[PDB]
Undergrad: 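The structure is given below, and queries will be raised subsequently.
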Amino acid sequence: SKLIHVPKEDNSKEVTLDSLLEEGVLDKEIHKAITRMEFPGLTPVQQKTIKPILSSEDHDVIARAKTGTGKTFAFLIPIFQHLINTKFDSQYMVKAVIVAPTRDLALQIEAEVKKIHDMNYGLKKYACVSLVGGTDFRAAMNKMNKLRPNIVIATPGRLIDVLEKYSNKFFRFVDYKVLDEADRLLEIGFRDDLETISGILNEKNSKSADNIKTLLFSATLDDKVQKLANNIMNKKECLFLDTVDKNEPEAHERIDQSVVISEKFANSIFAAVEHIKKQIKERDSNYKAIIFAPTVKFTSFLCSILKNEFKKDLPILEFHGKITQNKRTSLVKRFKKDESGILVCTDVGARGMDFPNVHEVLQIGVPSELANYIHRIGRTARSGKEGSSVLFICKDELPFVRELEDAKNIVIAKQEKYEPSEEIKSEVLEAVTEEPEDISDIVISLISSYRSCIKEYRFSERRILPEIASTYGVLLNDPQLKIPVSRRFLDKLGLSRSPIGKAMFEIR
RNA sequence: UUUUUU
Ligand SMILES: Nc1ncnc2c1ncn2[C@@H]1O[C@H](COP(=O)(O)OP(=O)(O)NP(=O)(O)O)[C@@H](O)[C@H]1O
Ligand SMILES: [Mg+2]
(Lines give C-alpha, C1' and ligand atoms only; values in the text may rest on other atoms or scores of the structure.)
(Ligands and ions follow the chains in the order given, each with its own letter.)
Protein backbone atom coordinates (compact mmCIF):
# COMPACT_ATOMS: atom_id res chain seq x y z
CA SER A 1 0.00 0.00 0.00
CA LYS A 2 0.96 3.70 0.24
CA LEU A 3 0.89 6.17 3.13
CA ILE A 4 -0.43 9.74 2.69
CA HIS A 5 0.62 11.99 5.59
CA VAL A 6 -1.53 14.98 6.49
CA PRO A 7 0.34 16.82 9.29
CA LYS A 8 -0.81 19.59 11.67
CA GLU A 9 -1.59 22.84 9.76
CA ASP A 10 -1.18 26.38 11.15
CA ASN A 11 -4.31 28.47 10.44
CA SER A 12 -6.61 25.80 8.93
CA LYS A 13 -10.19 27.03 8.42
CA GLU A 14 -12.33 25.90 11.37
CA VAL A 15 -14.78 23.04 10.80
CA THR A 16 -18.08 23.04 12.71
CA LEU A 17 -21.25 20.97 12.90
CA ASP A 18 -23.09 23.82 11.04
CA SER A 19 -20.49 23.90 8.23
CA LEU A 20 -20.56 20.11 7.82
CA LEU A 21 -24.39 20.20 7.63
CA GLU A 22 -24.49 22.82 4.87
CA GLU A 23 -21.73 20.99 2.98
CA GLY A 24 -23.83 17.76 2.65
CA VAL A 25 -21.47 15.74 4.81
CA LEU A 26 -23.75 15.56 7.89
CA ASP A 27 -27.49 14.84 7.82
CA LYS A 28 -29.75 16.97 10.05
CA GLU A 29 -30.37 14.08 12.45
CA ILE A 30 -26.75 13.59 13.59
CA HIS A 31 -26.10 17.37 13.52
CA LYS A 32 -29.00 17.83 15.95
CA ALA A 33 -27.78 14.97 18.21
CA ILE A 34 -24.31 16.46 18.68
CA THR A 35 -25.48 20.08 18.69
CA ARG A 36 -27.72 19.21 21.69
CA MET A 37 -24.65 18.14 23.75
CA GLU A 38 -23.76 21.86 24.01
CA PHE A 39 -20.02 21.46 23.28
CA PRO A 40 -18.23 24.77 22.51
CA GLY A 41 -17.27 23.37 19.10
CA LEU A 42 -15.70 20.33 17.44
CA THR A 43 -12.26 19.29 18.85
CA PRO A 44 -9.27 19.31 16.49
CA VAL A 45 -9.37 15.54 15.81
CA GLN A 46 -13.13 15.73 15.11
CA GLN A 47 -12.58 18.69 12.77
CA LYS A 48 -9.89 16.72 10.93
CA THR A 49 -11.33 13.18 10.59
CA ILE A 50 -15.10 13.46 10.05
CA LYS A 51 -15.18 14.29 6.31
CA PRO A 52 -12.18 12.13 5.35
CA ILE A 53 -13.77 9.11 7.11
CA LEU A 54 -17.07 9.68 5.25
CA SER A 55 -15.46 10.57 1.90
CA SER A 56 -16.16 8.52 -1.21
CA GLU A 57 -12.45 7.74 -1.67
CA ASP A 58 -11.18 4.19 -1.23
CA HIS A 59 -8.92 4.73 1.82
CA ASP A 60 -8.23 3.49 5.33
CA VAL A 61 -7.68 6.14 8.02
CA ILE A 62 -5.10 6.45 10.80
CA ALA A 63 -5.58 9.23 13.35
CA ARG A 64 -3.41 10.48 16.20
CA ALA A 65 -4.70 12.92 18.80
CA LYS A 66 -3.78 13.58 22.43
CA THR A 67 -5.54 12.10 25.46
CA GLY A 68 -8.96 13.56 26.37
CA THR A 69 -9.52 15.39 23.05
CA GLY A 70 -12.55 13.50 21.73
CA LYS A 71 -11.33 10.67 19.52
CA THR A 72 -14.45 8.62 20.35
CA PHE A 73 -16.93 11.00 18.62
CA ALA A 74 -14.33 11.49 15.91
CA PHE A 75 -15.32 7.98 14.72
CA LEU A 76 -18.88 7.66 16.09
CA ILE A 77 -20.18 10.72 14.20
CA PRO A 78 -19.20 9.53 10.74
CA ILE A 79 -20.21 5.98 11.57
CA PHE A 80 -23.73 7.27 12.30
CA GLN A 81 -23.63 9.26 9.07
CA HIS A 82 -22.72 6.16 7.11
CA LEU A 83 -25.71 4.33 8.62
CA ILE A 84 -28.04 7.20 7.64
CA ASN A 85 -26.49 7.35 4.11
CA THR A 86 -27.24 3.63 3.69
CA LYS A 87 -30.43 3.42 5.83
CA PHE A 88 -32.40 1.38 3.23
CA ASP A 89 -29.70 -1.29 2.68
CA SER A 90 -29.08 -4.36 4.88
CA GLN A 91 -30.89 -2.54 7.71
CA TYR A 92 -30.90 -5.52 10.07
CA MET A 93 -27.12 -5.96 9.64
CA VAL A 94 -23.87 -4.96 11.35
CA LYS A 95 -22.18 -2.17 9.37
CA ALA A 96 -19.59 -0.95 11.91
CA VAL A 97 -17.45 -3.04 14.27
CA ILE A 98 -15.49 -1.15 16.95
CA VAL A 99 -12.85 -3.12 18.90
CA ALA A 100 -11.21 -2.13 22.21
CA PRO A 101 -8.42 -3.63 24.41
CA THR A 102 -10.50 -3.67 27.61
CA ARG A 103 -14.05 -4.56 28.41
CA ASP A 104 -14.68 -1.33 30.36
CA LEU A 105 -13.49 0.80 27.46
CA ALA A 106 -15.81 -1.13 25.02
CA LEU A 107 -18.70 -0.58 27.45
CA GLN A 108 -17.82 3.11 27.72
CA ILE A 109 -17.88 3.50 23.89
CA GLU A 110 -21.34 1.85 23.91
CA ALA A 111 -22.47 4.37 26.58
CA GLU A 112 -21.33 7.20 24.28
CA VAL A 113 -23.42 5.74 21.45
CA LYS A 114 -26.33 5.73 23.95
CA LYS A 115 -25.75 9.44 24.61
CA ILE A 116 -26.21 10.04 20.86
CA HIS A 117 -29.46 8.05 21.00
CA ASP A 118 -30.64 10.02 24.08
CA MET A 119 -30.10 13.35 22.29
CA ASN A 120 -32.05 12.28 19.16
CA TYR A 121 -34.61 9.49 19.62
CA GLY A 122 -34.75 9.30 15.80
CA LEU A 123 -31.28 7.68 15.83
CA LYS A 124 -32.31 4.75 18.09
CA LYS A 125 -33.16 2.77 14.92
CA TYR A 126 -29.36 2.49 14.45
CA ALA A 127 -29.05 0.07 17.36
CA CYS A 128 -25.91 -1.01 19.20
CA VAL A 129 -24.78 -4.06 21.16
CA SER A 130 -21.57 -4.62 23.10
CA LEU A 131 -19.92 -8.00 23.02
CA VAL A 132 -17.41 -8.33 25.87
CA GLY A 133 -16.04 -11.01 28.16
CA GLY A 134 -17.48 -11.57 31.63
CA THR A 135 -21.07 -10.97 30.49
CA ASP A 136 -23.78 -13.57 29.80
CA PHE A 137 -23.14 -14.83 26.24
CA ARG A 138 -26.73 -15.95 25.53
CA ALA A 139 -28.26 -12.67 26.79
CA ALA A 140 -25.99 -10.66 24.44
CA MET A 141 -27.10 -12.83 21.49
CA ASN A 142 -30.75 -12.33 22.45
CA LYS A 143 -29.88 -8.64 22.18
CA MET A 144 -28.24 -9.11 18.75
CA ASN A 145 -31.40 -10.96 17.66
CA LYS A 146 -33.90 -8.54 19.22
CA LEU A 147 -32.19 -5.25 18.20
CA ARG A 148 -30.47 -6.31 14.92
CA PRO A 149 -27.74 -3.74 15.59
CA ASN A 150 -25.91 -1.68 12.98
CA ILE A 151 -23.00 -1.05 15.40
CA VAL A 152 -21.11 -3.65 17.43
CA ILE A 153 -18.58 -2.77 20.13
CA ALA A 154 -16.39 -5.56 21.41
CA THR A 155 -13.29 -6.92 23.04
CA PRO A 156 -11.31 -9.36 20.83
CA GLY A 157 -11.79 -12.65 22.67
CA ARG A 158 -15.55 -12.40 22.93
CA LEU A 159 -15.84 -11.05 19.35
CA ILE A 160 -13.95 -14.05 17.93
CA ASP A 161 -16.17 -16.35 20.01
CA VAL A 162 -19.29 -14.78 18.47
CA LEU A 163 -17.79 -14.56 14.97
CA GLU A 164 -17.03 -18.27 14.81
CA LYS A 165 -20.69 -19.13 15.44
CA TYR A 166 -22.74 -16.24 13.93
CA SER A 167 -20.64 -14.35 11.37
CA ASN A 168 -23.02 -15.36 8.53
CA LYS A 169 -26.13 -14.12 10.36
CA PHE A 170 -25.01 -10.61 11.37
CA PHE A 171 -21.65 -9.77 9.83
CA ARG A 172 -21.72 -10.26 6.04
CA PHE A 173 -22.24 -6.52 5.37
CA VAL A 174 -19.68 -4.78 7.62
CA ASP A 175 -18.37 -1.59 5.95
CA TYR A 176 -16.06 -0.18 8.69
CA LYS A 177 -13.94 -1.65 11.46
CA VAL A 178 -12.29 0.53 14.10
CA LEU A 179 -9.33 -0.29 16.32
CA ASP A 180 -9.47 2.18 19.20
CA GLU A 181 -6.11 2.22 21.00
CA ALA A 182 -4.80 0.72 17.78
CA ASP A 183 -1.19 0.53 18.87
CA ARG A 184 -2.11 -1.68 21.86
CA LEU A 185 -4.35 -3.90 19.71
CA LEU A 186 -1.38 -4.60 17.37
CA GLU A 187 1.08 -5.67 20.07
CA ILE A 188 1.75 -9.36 20.66
CA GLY A 189 -1.25 -11.17 22.16
CA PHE A 190 -3.74 -8.88 20.40
CA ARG A 191 -2.27 -8.73 16.85
CA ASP A 192 -3.11 -12.39 16.04
CA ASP A 193 -6.65 -11.86 17.42
CA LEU A 194 -7.16 -8.80 15.24
CA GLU A 195 -5.88 -10.70 12.19
CA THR A 196 -8.39 -13.48 12.87
CA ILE A 197 -11.16 -10.91 13.36
CA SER A 198 -10.13 -9.15 10.17
CA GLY A 199 -9.85 -12.37 8.10
CA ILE A 200 -13.33 -13.57 9.14
CA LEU A 201 -15.05 -10.21 8.39
CA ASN A 202 -13.23 -10.04 5.02
CA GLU A 203 -14.03 -13.65 3.98
CA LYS A 204 -17.69 -13.32 5.00
CA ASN A 205 -18.28 -9.90 3.36
CA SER A 206 -20.90 -10.07 0.58
CA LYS A 207 -19.41 -7.44 -1.79
CA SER A 208 -15.67 -8.46 -1.51
CA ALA A 209 -12.61 -9.25 0.62
CA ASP A 210 -11.44 -5.60 0.32
CA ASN A 211 -14.79 -3.84 1.09
CA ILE A 212 -14.04 -3.11 4.75
CA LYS A 213 -12.50 0.29 5.47
CA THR A 214 -10.33 0.36 8.58
CA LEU A 215 -9.86 3.19 11.08
CA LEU A 216 -7.02 3.27 13.65
CA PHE A 217 -7.07 5.71 16.60
CA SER A 218 -4.59 6.43 19.39
CA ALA A 219 -2.74 9.10 21.36
CA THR A 220 0.38 6.98 20.66
CA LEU A 221 0.88 6.16 16.93
CA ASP A 222 3.63 6.60 14.27
CA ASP A 223 4.28 5.36 10.69
CA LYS A 224 5.64 2.10 12.14
CA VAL A 225 2.10 1.12 13.25
CA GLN A 226 0.90 1.12 9.62
CA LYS A 227 3.45 -1.65 8.99
CA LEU A 228 2.12 -3.72 11.91
CA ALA A 229 -1.42 -3.22 10.58
CA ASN A 230 -0.50 -4.45 7.06
CA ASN A 231 -2.43 -7.76 7.11
CA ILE A 232 -5.69 -6.06 8.28
CA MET A 233 -5.80 -2.95 6.07
CA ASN A 234 -7.56 -3.67 2.76
CA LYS A 235 -7.39 -0.39 0.84
CA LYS A 236 -4.83 0.90 -1.67
CA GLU A 237 -4.01 4.09 0.25
CA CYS A 238 -3.91 5.12 3.90
CA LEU A 239 -4.56 8.67 5.13
CA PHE A 240 -2.50 9.55 8.22
CA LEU A 241 -4.34 12.41 9.92
CA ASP A 242 -2.22 13.95 12.68
CA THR A 243 -3.17 16.66 15.23
CA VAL A 244 0.25 16.44 16.95
CA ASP A 245 3.51 17.80 15.49
CA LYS A 246 6.27 15.46 14.27
CA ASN A 247 8.64 16.13 17.19
CA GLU A 248 6.04 17.30 19.76
CA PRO A 249 5.71 14.91 22.72
CA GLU A 250 2.52 12.80 22.72
CA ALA A 251 1.84 13.62 26.39
CA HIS A 252 -0.81 16.31 26.92
CA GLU A 253 1.00 19.59 27.61
CA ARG A 254 -1.59 20.89 30.12
CA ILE A 255 -0.57 18.12 32.58
CA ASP A 256 1.76 19.32 35.36
CA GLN A 257 4.22 16.39 35.62
CA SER A 258 6.60 15.47 38.46
CA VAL A 259 8.61 12.46 39.61
CA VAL A 260 9.45 11.60 43.22
CA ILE A 261 12.64 9.50 43.48
CA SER A 262 13.21 7.19 46.47
CA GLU A 263 16.18 5.01 47.35
CA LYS A 264 13.98 1.92 47.62
CA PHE A 265 10.96 0.65 45.67
CA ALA A 266 8.94 0.14 48.88
CA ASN A 267 9.54 3.80 49.86
CA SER A 268 7.32 4.86 46.95
CA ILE A 269 4.46 3.37 48.98
CA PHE A 270 5.19 5.75 51.89
CA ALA A 271 5.75 8.75 49.62
CA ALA A 272 2.37 8.09 47.99
CA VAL A 273 0.60 7.95 51.33
CA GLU A 274 2.20 11.20 52.51
CA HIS A 275 1.28 12.84 49.22
CA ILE A 276 -2.36 11.77 49.47
CA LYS A 277 -2.56 12.82 53.14
CA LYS A 278 -1.32 16.29 52.14
CA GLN A 279 -3.77 16.62 49.19
CA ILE A 280 -6.73 15.59 51.38
CA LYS A 281 -5.79 18.18 54.02
CA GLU A 282 -5.11 21.01 51.53
CA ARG A 283 -8.21 20.33 49.41
CA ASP A 284 -10.48 19.62 52.42
CA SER A 285 -11.24 16.09 51.09
CA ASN A 286 -12.25 17.48 47.68
CA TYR A 287 -9.87 15.09 45.98
CA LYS A 288 -10.40 12.75 43.02
CA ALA A 289 -7.34 10.68 42.07
CA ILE A 290 -6.21 7.60 40.25
CA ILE A 291 -3.24 5.58 41.44
CA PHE A 292 -1.65 2.94 39.21
CA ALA A 293 0.31 -0.06 40.37
CA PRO A 294 2.24 -2.73 38.42
CA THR A 295 0.40 -5.98 39.37
CA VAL A 296 -3.03 -7.23 40.44
CA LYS A 297 -1.72 -8.53 43.78
CA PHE A 298 0.13 -5.34 44.66
CA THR A 299 -2.94 -3.27 43.59
CA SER A 300 -5.03 -5.21 46.12
CA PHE A 301 -2.40 -4.71 48.79
CA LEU A 302 -2.10 -1.02 47.99
CA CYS A 303 -5.86 -0.71 48.32
CA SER A 304 -5.76 -2.18 51.83
CA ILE A 305 -3.12 0.33 52.92
CA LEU A 306 -5.12 3.23 51.44
CA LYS A 307 -8.43 2.11 53.07
CA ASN A 308 -6.71 1.92 56.48
CA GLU A 309 -5.23 5.42 56.01
CA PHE A 310 -8.03 7.17 54.09
CA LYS A 311 -11.38 5.30 54.15
CA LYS A 312 -12.58 7.85 56.76
CA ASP A 313 -11.82 10.71 54.30
CA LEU A 314 -12.60 9.29 50.87
CA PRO A 315 -13.94 6.17 49.21
CA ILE A 316 -11.24 3.82 47.89
CA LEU A 317 -12.13 1.78 44.78
CA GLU A 318 -10.19 -1.34 43.70
CA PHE A 319 -10.12 -1.87 39.94
CA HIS A 320 -8.31 -4.71 38.12
CA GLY A 321 -8.73 -7.84 35.97
CA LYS A 322 -9.66 -10.08 38.92
CA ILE A 323 -12.51 -7.88 40.09
CA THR A 324 -15.75 -9.46 38.76
CA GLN A 325 -17.13 -7.86 35.63
CA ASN A 326 -20.34 -6.70 37.37
CA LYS A 327 -18.29 -4.79 39.98
CA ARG A 328 -15.84 -3.42 37.41
CA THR A 329 -18.83 -1.91 35.61
CA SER A 330 -20.54 -0.57 38.77
CA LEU A 331 -17.33 0.97 40.09
CA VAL A 332 -16.66 2.64 36.72
CA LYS A 333 -20.16 4.11 36.81
CA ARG A 334 -19.71 5.38 40.36
CA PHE A 335 -16.21 6.81 39.71
CA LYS A 336 -17.34 8.64 36.60
CA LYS A 337 -20.09 10.34 38.68
CA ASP A 338 -18.30 10.97 41.98
CA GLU A 339 -16.73 14.31 42.87
CA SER A 340 -13.97 12.72 44.94
CA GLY A 341 -12.34 9.40 45.78
CA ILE A 342 -9.33 7.25 44.96
CA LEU A 343 -9.39 4.71 42.14
CA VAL A 344 -6.59 2.19 42.61
CA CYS A 345 -5.85 0.19 39.48
CA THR A 346 -3.56 -1.75 37.16
CA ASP A 347 -3.16 -0.82 33.51
CA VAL A 348 -6.66 -2.22 32.93
CA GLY A 349 -7.52 1.49 33.46
CA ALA A 350 -4.57 3.06 31.66
CA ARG A 351 -6.15 3.60 28.22
CA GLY A 352 -9.42 5.24 27.14
CA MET A 353 -11.31 5.44 30.42
CA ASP A 354 -12.90 8.87 30.74
CA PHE A 355 -13.46 9.83 34.37
CA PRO A 356 -14.32 13.50 34.50
CA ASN A 357 -12.50 15.92 36.75
CA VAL A 358 -9.83 13.66 38.15
CA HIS A 359 -7.35 16.04 39.85
CA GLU A 360 -4.25 13.76 39.86
CA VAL A 361 -2.78 10.63 38.42
CA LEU A 362 -0.32 8.88 40.74
CA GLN A 363 1.96 6.05 39.68
CA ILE A 364 3.69 3.66 42.01
CA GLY A 365 6.35 2.05 39.83
CA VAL A 366 6.48 1.69 36.05
CA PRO A 367 3.70 1.09 33.56
CA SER A 368 3.30 -2.21 31.72
CA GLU A 369 4.72 -0.55 28.54
CA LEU A 370 6.48 2.71 27.66
CA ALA A 371 3.50 4.15 25.83
CA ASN A 372 1.25 3.59 28.88
CA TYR A 373 3.05 6.42 30.67
CA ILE A 374 1.35 8.82 28.22
CA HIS A 375 -2.02 7.09 28.59
CA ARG A 376 -1.91 6.88 32.42
CA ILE A 377 -1.33 10.61 33.00
CA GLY A 378 -3.89 11.22 30.27
CA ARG A 379 -6.60 10.08 32.70
CA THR A 380 -6.45 13.67 34.07
CA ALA A 381 -6.50 17.00 32.19
CA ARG A 382 -9.33 15.85 29.90
CA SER A 383 -11.70 17.99 27.78
CA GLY A 384 -10.09 21.35 28.63
CA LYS A 385 -9.68 20.72 32.40
CA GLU A 386 -6.39 20.98 34.34
CA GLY A 387 -4.52 18.17 36.07
CA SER A 388 -1.25 17.00 37.62
CA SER A 389 0.68 13.71 37.77
CA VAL A 390 3.25 12.22 40.15
CA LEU A 391 5.48 9.25 39.33
CA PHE A 392 6.87 7.54 42.46
CA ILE A 393 9.93 5.45 41.64
CA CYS A 394 13.24 4.33 43.17
CA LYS A 395 16.69 5.25 41.83
CA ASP A 396 17.02 1.85 40.12
CA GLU A 397 13.94 2.66 37.94
CA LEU A 398 15.48 5.96 36.70
CA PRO A 399 16.46 4.48 33.30
CA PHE A 400 12.71 4.34 32.61
CA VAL A 401 12.63 8.15 32.92
CA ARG A 402 15.58 8.50 30.52
CA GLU A 403 13.87 6.23 28.00
CA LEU A 404 10.83 8.60 28.06
CA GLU A 405 13.19 11.42 27.00
CA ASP A 406 15.09 9.34 24.39
CA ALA A 407 12.14 7.45 22.85
CA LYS A 408 9.12 9.72 23.40
CA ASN A 409 10.76 13.13 23.94
CA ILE A 410 9.00 13.51 27.32
CA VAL A 411 11.07 15.58 29.79
CA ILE A 412 9.68 15.84 33.34
CA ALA A 413 10.71 19.24 34.68
CA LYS A 414 9.77 18.82 38.35
CA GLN A 415 11.92 16.18 40.06
CA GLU A 416 12.65 15.69 43.77
CA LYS A 417 14.04 13.11 46.23
CA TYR A 418 12.15 11.35 49.06
CA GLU A 419 13.14 9.53 52.27
CA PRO A 420 10.55 8.15 54.72
CA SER A 421 10.45 9.07 58.41
CA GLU A 422 10.29 6.13 60.83
CA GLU A 423 6.90 7.56 61.92
CA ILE A 424 5.28 7.03 58.50
CA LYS A 425 6.82 3.54 58.13
CA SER A 426 5.39 2.47 61.53
CA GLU A 427 1.98 4.01 60.74
CA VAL A 428 1.69 2.10 57.43
CA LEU A 429 3.24 -1.22 58.47
CA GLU A 430 1.36 -1.76 61.76
CA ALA A 431 -2.00 -1.81 59.96
CA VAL A 432 -0.72 -4.26 57.29
CA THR A 433 -2.71 -7.42 58.16
CA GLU A 434 -1.29 -9.55 55.29
CA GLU A 435 0.59 -12.71 56.36
CA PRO A 436 4.26 -13.26 55.42
CA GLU A 437 3.07 -15.75 52.76
CA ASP A 438 0.81 -13.02 51.29
CA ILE A 439 3.63 -10.44 51.26
CA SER A 440 5.79 -13.06 49.49
CA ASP A 441 3.10 -13.62 46.78
CA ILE A 442 2.86 -9.87 46.37
CA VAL A 443 6.59 -9.23 46.02
CA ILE A 444 7.02 -12.27 43.77
CA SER A 445 4.39 -10.74 41.39
CA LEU A 446 6.45 -7.51 41.28
CA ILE A 447 9.68 -9.44 40.50
CA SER A 448 7.97 -11.13 37.49
CA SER A 449 6.63 -7.75 36.43
CA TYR A 450 9.90 -5.90 36.60
CA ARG A 451 11.79 -8.79 35.01
CA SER A 452 9.52 -8.62 31.94
CA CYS A 453 10.39 -4.95 31.20
CA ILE A 454 14.14 -4.87 32.02
CA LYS A 455 15.12 -4.66 28.35
CA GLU A 456 12.41 -2.22 27.24
CA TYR A 457 13.27 0.28 30.01
CA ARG A 458 17.06 -0.47 30.06
CA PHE A 459 17.21 -1.53 33.72
CA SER A 460 20.28 -3.06 35.28
CA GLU A 461 18.94 -6.55 36.11
CA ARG A 462 21.63 -6.83 38.76
CA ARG A 463 20.32 -3.75 40.58
CA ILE A 464 16.57 -3.61 39.88
CA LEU A 465 15.61 -7.20 40.73
CA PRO A 466 17.34 -7.37 44.17
CA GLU A 467 15.85 -3.98 45.07
CA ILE A 468 12.32 -5.25 44.19
CA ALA A 469 12.74 -8.49 46.22
CA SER A 470 14.04 -6.52 49.26
CA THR A 471 10.56 -5.01 49.42
CA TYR A 472 9.66 -8.22 51.29
CA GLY A 473 12.00 -7.42 54.18
CA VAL A 474 10.99 -3.77 54.21
CA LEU A 475 7.32 -4.79 54.65
CA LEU A 476 8.13 -7.35 57.40
CA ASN A 477 10.33 -4.67 59.02
CA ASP A 478 13.52 -6.82 58.88
CA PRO A 479 15.63 -5.78 55.86
CA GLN A 480 18.21 -8.56 56.33
CA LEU A 481 15.49 -11.06 55.60
CA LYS A 482 15.15 -12.73 52.18
CA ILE A 483 12.10 -14.32 50.60
CA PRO A 484 11.89 -17.97 51.75
CA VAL A 485 11.73 -20.20 48.65
CA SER A 486 12.38 -23.87 47.68
CA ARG A 487 15.08 -25.19 45.31
CA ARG A 488 12.62 -26.56 42.70
CA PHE A 489 11.04 -23.07 42.50
CA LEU A 490 14.34 -21.21 42.00
CA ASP A 491 15.30 -23.65 39.18
CA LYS A 492 12.02 -22.80 37.41
CA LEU A 493 12.93 -19.06 37.35
CA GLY A 494 16.37 -19.89 35.84
CA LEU A 495 18.37 -18.14 38.60
CA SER A 496 19.71 -21.16 40.56
CA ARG A 497 23.33 -20.41 39.53
CA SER A 498 22.90 -16.63 39.50
CA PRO A 499 24.32 -14.23 42.11
CA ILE A 500 21.28 -12.02 41.38
CA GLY A 501 18.98 -14.80 42.63
CA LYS A 502 21.24 -15.46 45.64
CA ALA A 503 20.72 -11.82 46.76
CA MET A 504 16.89 -12.03 46.42
CA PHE A 505 16.02 -15.48 47.78
CA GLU A 506 16.72 -17.69 50.81
CA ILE A 507 16.34 -21.47 50.32
CA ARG A 508 14.34 -22.47 53.45
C1' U B 1 3.93 -10.14 34.84
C1' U B 2 -0.85 -6.11 32.29
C1' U B 3 -4.96 -7.07 29.39
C1' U B 4 -7.76 -10.28 26.29
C1' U B 5 -13.74 -15.83 24.53
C1' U B 6 -14.74 -20.05 27.55
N1 LIG C 1 -16.21 18.57 20.67
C2 LIG C 1 -16.12 18.40 22.00
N3 LIG C 1 -16.10 19.44 22.85
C4 LIG C 1 -16.00 19.28 24.18
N5 LIG C 1 -15.92 18.06 24.77
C6 LIG C 1 -15.93 16.93 24.03
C7 LIG C 1 -16.02 17.04 22.57
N8 LIG C 1 -16.00 15.78 22.10
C9 LIG C 1 -15.90 14.94 23.15
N10 LIG C 1 -15.86 15.63 24.30
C11 LIG C 1 -15.73 15.11 25.68
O12 LIG C 1 -14.35 14.87 25.93
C13 LIG C 1 -14.19 13.77 26.83
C14 LIG C 1 -13.09 12.87 26.29
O15 LIG C 1 -13.45 12.25 25.06
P16 LIG C 1 -12.76 10.87 24.58
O17 LIG C 1 -13.35 10.55 23.24
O18 LIG C 1 -12.89 9.85 25.69
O19 LIG C 1 -11.23 11.32 24.37
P20 LIG C 1 -10.10 10.39 23.68
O21 LIG C 1 -9.36 11.24 22.67
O22 LIG C 1 -10.66 9.08 23.22
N23 LIG C 1 -9.00 10.13 25.01
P24 LIG C 1 -7.99 8.74 25.20
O25 LIG C 1 -8.88 7.57 24.88
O26 LIG C 1 -7.58 8.82 26.66
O27 LIG C 1 -6.81 8.89 24.27
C28 LIG C 1 -15.54 13.09 26.93
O29 LIG C 1 -16.07 13.24 28.24
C30 LIG C 1 -16.44 13.79 25.91
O31 LIG C 1 -17.75 14.06 26.40
MG1 LIG D 1 -10.33 7.10 23.58
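Every chain is numbered from 1, with letters handed out A, B, ... down the list of sequences. Values below: every heavy atom of this structure, side chains too, minus hydrogens, waters and symmetry copies.
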Undergrad: Are the charged groups of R351(A) and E369(A) less than 4.0 angstrom apart, N to O?
TA: yes
Undergrad: Report the residues that fulfil side-chain contact (heavy atoms from CB on, under 4.5 Å) with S198(A), sequence neighbours left out, ordered by chain and then residue number.
TA: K177(A), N202(A), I232(A)
Undergrad: Could you check which residues of residues 260-269 of chain A get a heavy atom under 4.0 Å from RNA chain B? Sort them by number, please.
TA: none
Undergrad: Counting N and O atoms only, with roles assigned by atom type, does the side chain of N205(A) sit under 3.5 Å from a partner on the main chain of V174(A), one being a donor and the other an acceptor?
TA: yes
Undergrad: Which residues satisfy the salt bridge (charged side-chain N to carboxylate O under 4.0 Å, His left out) test with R184(A), sequence neighbours excluded?
TA: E187(A)
Undergrad: Under the side-chain hydrogen bond (donor to acceptor under 3.5 Å, both in side chains) definition, can you give me all pairs with a residue in residues 106-115 of chain A, not counting sequence neighbours?
TA: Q108(A)-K336(A), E110(A)-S130(A), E112(A)-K115(A)
Undergrad: Mind listing the side-chain donor-acceptor pairs of residues 396-408 of chain A below 3.5 Å, one per line with the distance, residues two or more places apart or on another chain?
TA:
residue	atom	partner	partner atom	Å
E397(A)	OE1	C394(A)	N	2.7
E397(A)	OE2	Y450(A)	OH	2.5
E403(A)	OE1	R458(A)	NE	2.7
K408(A)	NZ	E250(A)	OE1	3.2

Undergrad: Output, in order, the C-alpha distance, side-chain angles, deciding distance and verdict of side-chain hydrogen bond (donor to acceptor under 3.5 Å, both in side chains) for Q363(A) and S389(A).
TA: CA-CA 8 Å; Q363(A) 304 188 48; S389(A) 60; 5.9 Å; no
Undergrad: Going by number, which of residues 393-403 of chain A have a non-hydrogen atom under 4.0 Å from RNA chain B?
TA: none
Undergrad: Report yes or no: is the cationic atom of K169(A) (NZ for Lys, CZ for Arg) under 6.0 Å from the centre of the six-membered ring of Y92(A), at an angle within 45° of the ring normal?
TA: no
Undergrad: Taking side-chain contact (heavy atoms from CB on, under 4.5 Å) as the test, write out the residues that go with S460(A), two or more places apart.
TA: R462(A), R463(A)
Undergrad: Could I get the full list of ring-ring contact (aromatic ring centres under 6.0 Å, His included) partners for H359(A), not counting sequence neighbours?
TA: none
Undergrad: Tell me what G189(A) touches on the nucleic acid: a base, only sugar-phosphate, or nothing, going by heavy atoms under 4.0 Å.
TA: nothing
Undergrad: Do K95(A) and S90(A) pair up side chain to side chain, a donor and an acceptor below 3.5 Å, judged on atom types alone?
TA: no
Undergrad: Earliest and latest nucleotide of RNA chain B, 5' to 3', sitting under 4.0 Å from a non-hydrogen atom of chain A?
TA: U1(B) to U6(B)
Undergrad: If you look at every strand shown and take non-hydrogen atoms under 4.0 Å, does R184(A) touch a base, only sugar-phosphate, or nothing?
TA: base
Undergrad: Report, one line per pair, each donor and acceptor closer than 3.5 Å where one atom sits in a side chain of residues 472-479 of chain A; sequence neighbours left out.
TA:
residue	atom	partner	partner atom	Å
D478(A)	OD1	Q480(A)	N	3.3

Undergrad: Mind checking what makes ring-ring contact (aromatic ring centres under 6.0 Å, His included) contact with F217(A), not counting sequence neighbours?
TA: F75(A)
Undergrad: Please list, in numerical order, the residues of residues 291-306 of chain A that have a heavy atom closer than 4.0 Å to any atom of RNA chain B.
TA: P294(A), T295(A), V296(A), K297(A)
